[PDB]
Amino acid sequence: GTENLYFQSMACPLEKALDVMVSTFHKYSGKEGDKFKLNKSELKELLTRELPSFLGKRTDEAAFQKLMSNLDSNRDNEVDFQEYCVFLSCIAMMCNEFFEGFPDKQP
(Lines of atoms letter the chains of each structure in order from A and count residues from 1; the text may use other names and numbers.)
(Lines give C-alpha, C1' and ligand atoms only; values in the text may rest on other atoms or scores of the structure.)
Protein backbone atom coordinates (compact mmCIF):
# COMPACT_ATOMS: atom_id res chain seq x y z
CA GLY A 1 0.00 0.00 0.00
CA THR A 2 2.00 2.94 -1.35
CA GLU A 3 -0.81 4.99 -2.94
CA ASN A 4 -3.68 6.66 -1.14
CA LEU A 5 -6.81 4.54 -0.80
CA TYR A 6 -10.17 6.29 -1.10
CA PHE A 7 -13.41 5.25 0.60
CA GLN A 8 -17.03 6.35 0.37
CA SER A 9 -19.88 5.93 2.83
CA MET A 10 -22.78 3.59 2.01
CA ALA A 11 -26.22 5.17 1.77
CA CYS A 12 -28.02 1.79 1.99
CA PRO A 13 -25.86 -0.76 3.84
CA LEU A 14 -28.55 -3.46 3.57
CA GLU A 15 -28.32 -3.25 -0.22
CA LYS A 16 -24.54 -3.61 0.00
CA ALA A 17 -25.06 -6.54 2.38
CA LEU A 18 -27.06 -8.26 -0.37
CA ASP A 19 -24.33 -7.52 -2.93
CA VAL A 20 -21.70 -9.03 -0.61
CA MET A 21 -23.81 -12.15 -0.08
CA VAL A 22 -24.08 -12.66 -3.85
CA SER A 23 -20.47 -11.89 -4.67
CA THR A 24 -18.91 -13.97 -1.88
CA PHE A 25 -20.77 -17.03 -3.20
CA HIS A 26 -19.31 -16.65 -6.70
CA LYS A 27 -15.86 -15.78 -5.34
CA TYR A 28 -15.66 -19.46 -4.33
CA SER A 29 -18.25 -21.24 -6.48
CA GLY A 30 -16.32 -20.46 -9.66
CA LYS A 31 -13.03 -21.95 -8.48
CA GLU A 32 -13.60 -25.51 -9.76
CA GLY A 33 -16.22 -27.65 -11.46
CA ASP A 34 -19.64 -26.09 -11.88
CA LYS A 35 -18.93 -22.36 -11.63
CA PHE A 36 -22.37 -21.70 -10.12
CA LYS A 37 -22.35 -24.30 -7.32
CA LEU A 38 -20.08 -24.82 -4.33
CA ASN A 39 -18.40 -28.18 -3.89
CA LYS A 40 -17.06 -29.35 -0.53
CA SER A 41 -13.63 -27.77 -1.05
CA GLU A 42 -15.17 -24.45 -2.11
CA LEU A 43 -17.72 -24.41 0.71
CA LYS A 44 -15.01 -25.24 3.24
CA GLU A 45 -12.86 -22.41 1.92
CA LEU A 46 -15.85 -20.04 2.08
CA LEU A 47 -16.68 -20.82 5.73
CA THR A 48 -13.06 -20.77 6.84
CA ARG A 49 -12.18 -17.43 5.28
CA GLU A 50 -15.55 -15.66 5.22
CA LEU A 51 -17.41 -16.94 8.32
CA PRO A 52 -14.73 -17.84 10.92
CA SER A 53 -16.65 -16.33 13.86
CA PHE A 54 -19.33 -19.01 13.38
CA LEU A 55 -17.02 -22.07 13.10
CA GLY A 56 -16.23 -22.37 16.82
CA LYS A 57 -12.58 -23.08 15.87
CA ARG A 58 -13.61 -26.61 14.88
CA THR A 59 -11.41 -28.23 12.25
CA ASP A 60 -11.97 -31.96 12.78
CA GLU A 61 -12.91 -32.53 9.06
CA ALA A 62 -15.79 -34.89 9.87
CA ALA A 63 -17.94 -31.92 10.92
CA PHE A 64 -18.11 -30.30 7.48
CA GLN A 65 -19.77 -33.25 5.73
CA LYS A 66 -22.65 -33.07 8.20
CA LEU A 67 -23.18 -29.40 7.35
CA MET A 68 -22.71 -30.11 3.62
CA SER A 69 -25.43 -32.77 3.72
CA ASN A 70 -27.61 -30.34 5.68
CA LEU A 71 -27.11 -27.59 3.08
CA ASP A 72 -27.31 -30.00 0.13
CA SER A 73 -31.10 -30.21 0.04
CA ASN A 74 -31.52 -31.54 -3.50
CA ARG A 75 -28.76 -34.06 -2.65
CA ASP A 76 -26.50 -33.33 -5.62
CA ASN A 77 -23.28 -33.10 -3.55
CA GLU A 78 -23.01 -29.32 -4.08
CA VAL A 79 -24.51 -26.09 -2.69
CA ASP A 80 -26.26 -23.83 -5.21
CA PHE A 81 -27.24 -20.22 -4.54
CA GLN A 82 -30.73 -20.92 -3.18
CA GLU A 83 -29.35 -23.46 -0.68
CA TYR A 84 -26.65 -20.96 0.24
CA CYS A 85 -29.41 -18.40 0.95
CA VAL A 86 -31.19 -20.88 3.23
CA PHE A 87 -27.87 -21.28 5.03
CA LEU A 88 -27.29 -17.54 5.53
CA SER A 89 -30.91 -16.97 6.56
CA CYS A 90 -30.44 -19.70 9.16
CA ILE A 91 -27.26 -18.13 10.54
CA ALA A 92 -29.02 -14.75 10.69
CA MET A 93 -31.98 -16.20 12.59
CA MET A 94 -29.54 -17.63 15.13
CA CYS A 95 -27.90 -14.24 15.67
CA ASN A 96 -31.32 -12.60 15.96
CA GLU A 97 -32.43 -15.05 18.64
CA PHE A 98 -29.24 -14.38 20.60
CA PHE A 99 -30.02 -10.64 20.54
CA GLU A 100 -33.72 -11.00 21.38
CA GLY A 101 -33.18 -13.44 24.24
CA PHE A 102 -30.04 -11.87 25.69
CA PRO A 103 -31.63 -10.00 28.66
CA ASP A 104 -33.09 -13.35 29.83
CA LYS A 105 -29.89 -15.40 29.60
CA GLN A 106 -27.09 -16.08 32.08
CA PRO A 107 -23.71 -17.79 31.56
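Between two forms, the rigid core is the largest collection of C-alphas that superpose within 1.5 Å. Start at 1 with the first residue shown and count on from there.
**Student:** Rigid core superposed, root mean square over structures and residues, which stretch has C-alphas farther from this form in 6 other deposited structures of this protein, 37-45 or 60-68?
**Tutor:** It is 60-68 that deviates more in 6 other deposited structures of this protein.
**Student:** When the core is superposed, where do the C-alphas shift more in 6 other deposited structures of this protein: in 21-29 or in 90-98?
**Tutor:** Larger mean C-alpha displacement, comparing 21-29 and 90-98 in 6 other deposited structures of this protein, is found in 90-98.
**Student:** Got a sec? Mean C-alpha B-factor, which is higher, 77-85 or 60-68?
**Tutor:** Higher mean C-alpha B-factor: 60-68.
**Student:** Mean Cα B factor from the PDB record: higher for 45-53, or higher for 32-40?
**Tutor:** Per the PDB entry, the higher value belongs to 32-40.
**Student:** With respect to C-alpha B-factor, does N4 fall in the lowest, middle or highest third of the chain as deposited?
**Tutor:** Middle third by C-alpha B-factor.
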